[PDB]
Structures are given as structure tokens and as C-alpha cells.
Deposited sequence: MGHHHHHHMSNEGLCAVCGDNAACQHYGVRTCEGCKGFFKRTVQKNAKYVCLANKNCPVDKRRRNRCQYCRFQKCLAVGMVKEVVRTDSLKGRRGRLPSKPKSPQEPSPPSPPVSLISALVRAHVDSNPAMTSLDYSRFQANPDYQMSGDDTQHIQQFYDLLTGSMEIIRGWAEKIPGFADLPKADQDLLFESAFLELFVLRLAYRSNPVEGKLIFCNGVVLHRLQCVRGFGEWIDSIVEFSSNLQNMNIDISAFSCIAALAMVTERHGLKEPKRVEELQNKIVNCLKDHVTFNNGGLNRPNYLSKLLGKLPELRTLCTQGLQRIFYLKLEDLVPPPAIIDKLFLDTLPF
């Protein structure tokens, strides 16, 4: 009772996955004809042993997800040759963003200082980072599709994107015009307070924040960008195509929105600057590790090394 698609009896691998003779036949025939199917719902129909033959579109979407391989189906020179060969979404994305950041009408200025004038300051740095991990995982689990993924792939997607997200969010909620950094827990510090912990990295962060805010990005669009930062292809994914199909929903989600209220980009034109910002982060953690004066805890060390392939 082993079939990755419909859960029927499976006694072999066909086109890459453990599959029943049925889902084998369906996949073969689909690809041989280039056939395209029409969902009469949300593109999420139930597909199990009895219901499989109803929404054809949704069966062939689940086939593709668990890892079945269009390429294995033979054509051209290998046609008819048998045997082994010789060798709303947008609303949820916004809700998830809003429930995970603090009420801007009630921040905390208890520590703020526009002219501050040591191991304690480096500790408070690690605390702001460890604080954001619980919350950014919270955010991720509320992206539609993410908690349906394999627990392995969730953990991989989170560790790969944690630093890219802590920065991107910090950059979108802070007030750079007044040198003001606002964290997830609503604390407020001036760049010059932060320099003790972040290093000169912070100056690079405030510059990004300037650029990003000077594009006046509405919350619906930011809400999608943050999703595309996390839900992306990575080495180690047990089920890539699932992650690929989800990324693809979110993109078309973002397109539909821009070709509506904003008329018929420049942001992704500095999505490379974000990756460069993050390496600058890693340089800082390496410095603190190697100084061995107050050492980053394992979990920090791990998740800064993990913003490379």
C-alpha cells in the first residue's frame, strides 16, 4: 500500500517514484499527448484511491509533485522501444506578515539613545537574533502550503532563508531617515547603539532600508517578496517540484496584484544586494567566533553559515 500519488498498492518504481499501475498509466498517457487539464476549484482537489479519476488536472499536479519525471517517458528515436536501455492567497500572505510584526503605534523606546557615548552589548545582539527565529518560523508556517511540506524541507527552507528574512523585514519596518532600527519585539535603537554588536554591517543595512523604502512598496507586494525569499529551490529538498509549484503560485499572485491597482522588477534588481548584505552578516559572526571573547551560540553560528548553498 505504497503509492506516492493515490495510496493504492505499489510493487515497483515508475518514472522515478513508487506508484500504482493506474497513476503509471495516467502519467505515461498525459505526457505522450502533451494533454492539458482544467481545474473547476482552487487547484487542491483530494486525490486518493477512489477520488483520483475526478479532477484530472489535480491528479497530474500531485504526480509531478512527489517527483515523477516527464523526461523518462520516451519520444524521438526511443519512441515505442520497451525494456531497460543500454548505458485569498495574497490576503493570507499579508495576514502572516501583520500578525508577526509589532503594533507601530506602541513600540518600546526604553533603551533608545541618539548619541550613546561591552560583552553585554554583543549579548543583546545575539538576543535580538534568537528572538526573531521563533517568530520568523511562526510567519513561515502560516504561508499556505508550507506546513504541508516534508518536515525535512521546512527545516532546510527556514535555515537557508533565516538571515535573508531578518534583514529584509528589519529594513521594511525601520525608519532610516532618523537612523532608527525597529526590531520584531518593538524595541527601538539608533544605528550608533547597534554598531557595538552588528559592526559596520549596520551602516550597510540602513542604506538598503533607505533604497527599499524609497520604492514605496505596498504591503501586498512586500508580503509576496518575503514569501519568494523563503519558498525557493535549494539543494537537499526531498520534494523540489512541490516547492517549485508553490513558488510559482506566489509569483502569479504578485503579478495579478501589480497588473491591477499599480497599472499594467526594480526590487529584484537589488535582490542580489540582499545576498551581499547577508554575506557581510556572516563575516561579522566569523569575526566574533575567531575573537573567542564572547562566542556566538551554536544556533547563530549554524544559521549564518547556512546562507550559502
task: Return the ranges of the deposited sequence not covered by C-alpha coordinates, sorted by sequence position.
output: 1 to 12, 100 to 114, 145 to 150, 298 to 304, 350
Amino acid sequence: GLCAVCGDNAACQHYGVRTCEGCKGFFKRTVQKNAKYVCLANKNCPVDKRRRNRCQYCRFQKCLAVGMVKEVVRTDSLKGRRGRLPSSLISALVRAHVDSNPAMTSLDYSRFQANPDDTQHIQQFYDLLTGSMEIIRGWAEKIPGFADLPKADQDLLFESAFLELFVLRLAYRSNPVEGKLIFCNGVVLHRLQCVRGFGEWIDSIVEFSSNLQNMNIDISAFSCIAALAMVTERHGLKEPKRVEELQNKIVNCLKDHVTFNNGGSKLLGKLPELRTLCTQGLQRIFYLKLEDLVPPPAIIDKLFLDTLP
From here on, numbers count along this sequence of modelled residues.
field: 46 to 54 or 279 to 287, whichever carries the higher mean Cα B-factor
entry: 46 to 54
- line: Once average C-alpha B-factors are taken from the entry for 222 to 230 and 99 to 107, the winner is 99 to 107
query: Of the choices 78, 212, 122, 114, which one's C-alpha carries the largest B-factor in the record?
result: 114
Residue 160 - Cα temperature factor, lowest/middle/highest third of chain: lowest
task: Rank-wise, by C-alpha B-factor, drop residue 267 into the lowest, middle or highest third of its chain.
output: highest
- line: Quick tally, chain-level thirds of C-alpha B-factors: residue 247 sits in the middle
- prompt: Lowest, middle or highest third of the chain for the C-alpha temperature factor of residue 195?
  reply: highest
query: If you rank every modelled residue in this chain by C-alpha B factor, which third holds residue 91: lowest, middle or highest?
result: highest
